[PDB]
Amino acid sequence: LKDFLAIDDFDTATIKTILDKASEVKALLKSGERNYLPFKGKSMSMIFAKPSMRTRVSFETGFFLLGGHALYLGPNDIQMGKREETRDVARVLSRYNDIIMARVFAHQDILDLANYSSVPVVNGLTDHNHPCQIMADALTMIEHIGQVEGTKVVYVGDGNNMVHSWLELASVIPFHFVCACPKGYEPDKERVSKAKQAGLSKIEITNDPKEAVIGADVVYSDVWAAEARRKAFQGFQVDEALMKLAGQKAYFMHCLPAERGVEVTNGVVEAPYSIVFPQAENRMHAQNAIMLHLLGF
């Protein structure tokens, strides 16, 4: 597989191999090694249609630490799909660089980019999904809980791109995934069915978060968005009361950025069971392993 567009475009064995490599390279850098430079002489164009801190800094820093140079093409720099068609961007950037990262709106834009690029394309968020975030989240779970297999992950909030990539992961690792979301804001039926097709994981969609969280290893949230949404999502804030219902085993996770007072409270974000900051770090370690894999290392 040339590209990393969705986690279940790979098989179980490949995903676990990449998560093992993630731990190895992370250990190497944590040791202070700065002389492992597999990407010496390689470049990455990073196309960003939207703002970013974690995706941007993790990819640019990681590429640097492994010996390469990443270019930051911001929203107004190349304007993929408006100034210029995606197939043309793909064919140009594939002749300058060795790998392309892209954060876009319509998922089809990243499919187009991958289809027309002769180099690997890595997804850095689309309207549909966010696979590198969940790869990081899996690494974070392995480090804190010990493994992803047989855990209960409960996402509370909008049935959105994060939920889509949780479903991707549930398609290659057997665990229990629940999406507790307001009626009308459920994840894509097709994406839910594709996870069920894999037959590994117990997949539940519910509108009752207070029940869903019971026994969770992970309570996950993200931004909901719109004053209508605020109205629709009353009852879906992750607060200390909800974490108490979830139980003493439960970690709190959030891809960030977080809007305290909306989808989550300050008390939850700052609590000892919150692992949002190690989670954010692990974007760089998971993606380093992903890029290594795509480039034949």
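Just count from 1 along the sequence shown to find any residue number.
The stretch of deposited sequence separating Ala225 from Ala226 contains 4 to 9 residues lacking coordinates in this entry.
Annotation for 185-193 versus 144-152: the higher mean temperature factor (C-alpha) is found in 185-193. The question of which stretch, 51-59 or 27-35, has the higher mean Cα B factor is settled in favour of 27-35. Within the listed group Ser118, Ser201, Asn97, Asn123, the record reports its top CA B-factor for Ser201.
The residue among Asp88, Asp127, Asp137, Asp208 whose C-alpha atom has the highest B-factor in the PDB entry is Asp208. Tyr220 sits in the middle third of its chain by CA B factor, as recorded in the PDB entry. The entry lists a Cα temperature factor for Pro131 that places it in the lowest third of the chain's modelled residues. In this PDB entry, the Cα temperature factor of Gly261 sits in the top third of its chain's modelled residues, the highest group. Among the modelled residues of the chain, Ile275 sits in the middle third by CA temperature factor in this PDB entry. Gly74 sits in the lowest third of its chain by CA B factor, as recorded in the PDB entry.
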